[PDB]
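Reviewing the structure listed below.
Written as structure tokens, this is what we have:
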């Protein structure tokens with residue numbers, strides 16, 4: 001029943017696409033266009049609000065609670081009668097802000113006839129059914145706009161955020177009680193070419209900021225912050241945003257990425273950690289010709305101290321001398337597998353060797369592997385683990401996992417390593433950070449070919465996810481020196497940020513099994529850094545150059561899986577009692593969502609049983625799937641032609657009768673057979689079999705939780 | 195709601211009470227034929243002696259000449275975990291044969307084929323037992339047999355801290371009321387399939403029995419066919435007609 | 349019940365020896381003590397030996413008339429007994445080992461039959 005009255009007035013402001021407070025670059029300004037944006041005013045519309053620096057072209061951020069009234073007052077000052085169309089429920093057609101053929105009374109258009117210079121108060125409210133009061137965040141944002149012309153009521157700056165939070169733990173302004181900050185985000189594409197002033201200026205301006213000139217979000221530590229995931233684009237455009245280092249908690253779930261469309265009503269909150277300079281990686285492959293970068297400036301203001309314990313609470317440590325050895329070698333790896341099965345003649349007899357006199361056999365494709373000792377020449381085996389190929393192998397993290405990535409480059413370009421959303425030490429980098437301070441807190445990831453560097457950091461209990469989600473979260477890692485070119489060169493893998501199921505030094509995955517992933521990255525040779533090892537240097541036909549032709553272009557545009565461009569060597573034929581965790585990923589040069597249809601097969605996610613799923617780039621999607629089926633079918637997609645006609649899968653799933661291990665070949669055992677000695681599922685130990693952990697000979701301290709109490 | 199109703203004095207034979215020579219019981223058994231009684235292995239191992247009496251609906255009282263089924267010796271099991279619980283099935287080697295009476299009704303032998311058709315259809319079940327798995331403060335003098343539903347396998351490994359294999363699964367209500375350690379240990383969780391009766395569960399204690407309203411632990415004898423077959427044909431024909439039929443066998447149940 | 353810290357000074361409770369309202373005060377003869385026993389009807393000699401007390405001591409802050417504030421007695425044993433399987437001594441902790449062990453709570457072994 002609270003009165004949340006606001007005074008918004010739209011006007012045309014010649015706002016530059018770059019924050020230039022100094023009049024030195026105004027004579028040669030590369031941006032000088034008008035923008036009709038929303039601007040808040042005082043009662044009776046006297047003086048203009050100063051507005052935050054983050055809200056360049058964004059209007060006033062409206063805030064409200066449940067069961068309250070919102071007598072918002074608007075005064076248009078542009079040129080055409082605009083309106084305000086929120087996302088409430090109590091507002092009627094007389095005050096809805098939508099001008100269309102309603103087939104009702106003509107007097108219902110009084111909310112849209114707001115002439116430029118006429119005041120009009122909208123009598124709106126909200127019902128009680130707009131409050132979650134559960135596992136959702138205490139706020140439910142909304143987007144209000146003008147229903148006149150969406151092509152103009154957005155590119156000019158006619159966008160504003162509306163907040164309908166929960167009455168109780170919220171203050172006056174949109175900030176919670178236990179949280180001391182309110183971070184509002186906005187990522188838009190102001191297409192100036194399609195608006196009111198038809199001027200050729202197709203530029204990707206995030207809130208009117210180009211080349212990463214967006215004002216940096218800054219907040220000191222020892223406090224709590226709250227986010228607001230908002231930002232509508234011109235239409236079907238998305239934004240692959242990510243919060244490096246600092247992990248948020250969207251929908252009370254510890255996540256670090258969010259990529260939807262049309263500004264989805266979602267807010268989040270988290271708790272800051274140590275001081276530093278983190279990154280807001282706005283890595284949008286389809287939106288990079290203009291510029292969109294941001295970072296995090298975490299200082300240190302000593303105000304309150306939490307009970308955050310560093311190590312686990314007197315039961316879990318597992319201090320082991322296990323450092324992951326990674327050497328950026330240039331072993332001979334090609335798009336086609338070693339001796340292909342389905343005969344990939346398009347790459348075997350054209351680019352794999354000296355056939356057709358194109359590239360050759362000796363390549364420089366660098367792959368991130370994992371050795372077993374300090375040799376930097378052979379891993380667990382001489383080749384690879386087959387099940388991953390050029391993709392990264394199996395890496396698991398736990399408390400004191402000693403993630404000491406002994407990286408020693410030896411190719412022709414300085415590389416590094418960076419796991420997705422991991423907090424490190426002020427001494428070692430392992431993250432594309434610009435934090436260059438003193439020698440004590442310096443961090444440089446530049447590892448020249450020949451020099452070795454170890455990124456030492458102790459992953460502990462403050463680096464684990466929640467409890468309701470899956471065990472090990474999928475976080476694909478990639479090089480931090482380069483952004484888009486190293487991914488095409490085969491420098492990408494996957495990391496398992498698991499929960500608190502640390503049993504021994506390796507962490508026994510309780511109620512789990514093996515892992516089956518699925519990657520589909522479409523890249524090009526021109527995107528990779530080793531473009532010189534194709535047609536110019538590593539070449540044997542200087543008279544005929546395979547360029548400027550569609551034949552050589554599509555020969556590089558390929559979708560790979562486990563380092564195998566045609567088809568993989570393994571099948572998805574599981575059996576019963578397979579509590580595995582399926583992972584999916586599909587990075588590349590795209591930005592929207594990617595889907596895949598499953599015929600005759602389904603999965604389990606969200607306490608239900610869906611058929612198909614939809615993954616997201618940047619981050620990694622994980623789901624615990626139990627593969628129980630008898631027969632064989634296809635897993636094709638429904639798109640155009642280069643991604644729907646050859647993206648099938650041939651496998652046979654059979655379980656006769658339990659896990660099918662009495663007359664076939666599979667790495668499982670029901671057992672259900674003659675057991676006269678020792679077989680599978682025979683956990684008979686002399687001291688004690690199992691229970692929860694192995695802190696002592698019997699574990700005498702009784703406090704096994706799943707995080708900070 | 196169907197609560198803890200007692201067993202009927204008609205169609206409730208599967209209750210071979212395993213007691214001692216004195217006035218002190220321990221667990222129970224399962225009636226199927228005249229040469230083998232399915233029960234838990236901890237009934238005898240790490241316990242006391244063994245005294246069986248079939249058709250005994252009451253321990254303190256007696257319904258006449260009906261409870262008689264003495265046992266000579268007994269052995270153990272190969273897959274029986276002494277610390278935890280896994281394939282906890284033991285056979286009681288009786289000494290005197292007993293015919294088929296009213297309170298002693300036989301049952302057909304199970305098979306591996308009734309493993310994919312009995313767990314997906316009959317999502318319930320009954321737990322026959324005098325009440326010796328949770329012998330704390332609910333020792334009822336009457337033979338009680340409540341009804342418990344079946345839950346998905348993905349909710350049985352977390353019911354207890356011990357990781358449960360395929361042999362044992364859920365067989366109780368949700369986390370609401372007391373639905374575990376029901377009846378005597380080795381109690382038959384027979385599920386009326388279709389025109390026949392096949393036992394498919396043995397109640398045993400894991401870490402004891404306390405505040406276990408989550409789920410229950412009950413075995414699956416459909417996979418136990420290779421053990422009941424190796425201990426019935428390799429022993430040979432009954433020499434002295436159920437002596438031992440036949441207790442003279444190795445400890446890992448042959 | 350009682351306890352034992354070594355082989356001379358024996359400590360026990362104070363609510364079972366001194367009770368003015370009950371009008372029964374023992375001297376240094378009617379206070380026996382038995383160490384090592386697993387039953388009550390049985391009686392051997394090769395595994396245990398009956399002890400005997402002769403010294404008694406009261407407690408300074410014996411304000412049991414409020415809410416029983418520190419009611420622990422302490423006697424003295426003069427029989428030079430030994431230590432075997434049925435007789436096991438026990439030391440005592442100090443302060444240089446539990447300066448911050450507040451988040452614990454290790455229980456003991458309080459044996460006994462149906463006497464309380």
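Residue numbers (the entry's author numbering), protein chains in the order written: chain C, 1 to 709; chain B, 195 to 448; chain E, 349 to 464.
Built from N, CA and C at the ideal position, the CB exists for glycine as well.
Using alpha carbons as the reference points, say which of 52/C, 547/C, 614/C and 160/C lies closest to residue 358/C. 547/C
Could you please give the first and the last residue of the uninterrupted beta strand (DSSP E) stretch that includes residue 76/C? 73–76
What runs of the alpha helix (DSSP H), each 4 residues or longer, lie entirely inside the stretch 416–500 of chain C? 485–488
I want to see whether chain E comes within less than 8 Å of residue 458/C, judged by CB atoms only; does it? no
Can we say the stretch 292–302 of chain C touches the stretch 448–464 of chain C, given the rule of at least three CB pairs closer than 8 Å? no
Can you give me the start and stop residues for the beta strand (DSSP E) that residue 285/C sits inside? Where residue 285/C is concerned, there is no enclosing beta strand (DSSP E), given that its DSSP letter is neither H nor E.
For residue 110/C, go through chain B and note every residue whose CB falls closer than 7 Å to its CB, in chain order. Simply none; closest approach about 56 Å.
Suppose contacts are defined by Cβ-Cβ distances below 8 Å. Is residue 191/C in contact with residue 223/C by that definition? no
Tell me which residue opens and which closes the alpha helix (DSSP H) that residue 423/B is part of. 419–424
Is the distance from the Cβ of residue 248/B to the Cβ of residue 298/B below 8 Å? yes
Close Cβ partners of residue 714/C (< 7 Å) along its chain, the five nearest in sequence each way excluded: Outside the modelled stretch of chain C, which goes from 1 to 709, sits residue 714/C, for which no answer is possible.
Proximal residues of chain C, C-beta to C-beta of residue 452/E below 8 Å: 701
Nonlocal neighbours in the same chain, by C-beta distance under 7 Å from residue 108/C, ignoring five residues either side: 93, 94 and 102
Would residue 697/C pass as an interface residue toward chain B - the criterion being a Cβ-Cβ separation below 8 Å? no
Alpha carbon of residue 268/B to alpha carbon of residue 291/B, nearest angstrom: 16 Å
Where residue 368/C sits in the DSSP three-state scheme: coil
Can you have a look at residue 498/C and say buried or exposed, based on whether 16 or more other CB atoms are within 10 angstroms of its CB? buried
Cα-Cα separation, residue 79/C to residue 97/C: 17 Å
For residue 140/C versus residue 265/C, is the C-beta distance shorter than 8 Å? yes
CA-to-CA distance, residue 373/B to residue 332/B, given in whole angstroms: 13 Å
Answer yes if the stretch 478–491 of chain C comes into contact with the stretch 454–468 of chain C, meaning at least three C-beta pairs across the two stretches below 8 Å, and no otherwise. no
How many Å lie between residue 214/B and residue 415/B at the Cα? 26 Å
Is residue 323/B buried or exposed, if buried means 16 or more other CB atoms sit within 10 Å of its CB? buried
DSSP state of residue 124/C, grouped into three classes? strand
Quick one, are the C-beta atoms of residue 400/C and residue 318/C less than 8 Å apart? yes
Chain C contacts from the stretch 279–300 of chain B (Cβ-Cβ distance under 7 Å): 280
Within its chain, find whatever has a CB closer than 7 Å to the CB of residue 507/C; leave out the 5 residues flanking it on each side and keep chain order. 396, 398, 498 and 501
Could you check whether the stretch 428–448 of chain C touches the stretch 682–699 of chain C, counting it as contact only if at least three pairs of C-beta atoms, one from each stretch, sit closer than 8 Å? no
Compute the Euclidean distance between the alpha carbons of residue 375/E and residue 456/E, then round it to the nearest angstrom. 32 Å
Just to confirm the assignment, what range does the beta strand (DSSP E) spanning residue 269/C have? 266–271
For residue 165/C, which residues in the same chain have their Cβ closer than 6 Å to its Cβ, ignoring the five residues on either side in sequence? 65, 138 and 139
State the CB to CB distance for the pair residue 585/C and residue 615/C, rounded to an integer number of angstroms; the pair is presumed to be in contact (CB under 8 Å). 6 Å
Note the first and the last residue of the continuous beta strand (DSSP E) segment covering residue 640/C. Careful: residue 640/C lies outside any beta strand (DSSP E) and carries neither H nor E.
Can you tell me whether residue 352/C is helix, strand or coil according to DSSP? helix
Taking the CB atoms as reference points, tell me whether residue 229/C and residue 268/C lie closer together than 8 Å. yes
Using 10 angstroms around the beta-carbon of residue 27/C, count the other beta-carbons present and answer buried if the total reaches 16, otherwise exposed. exposed
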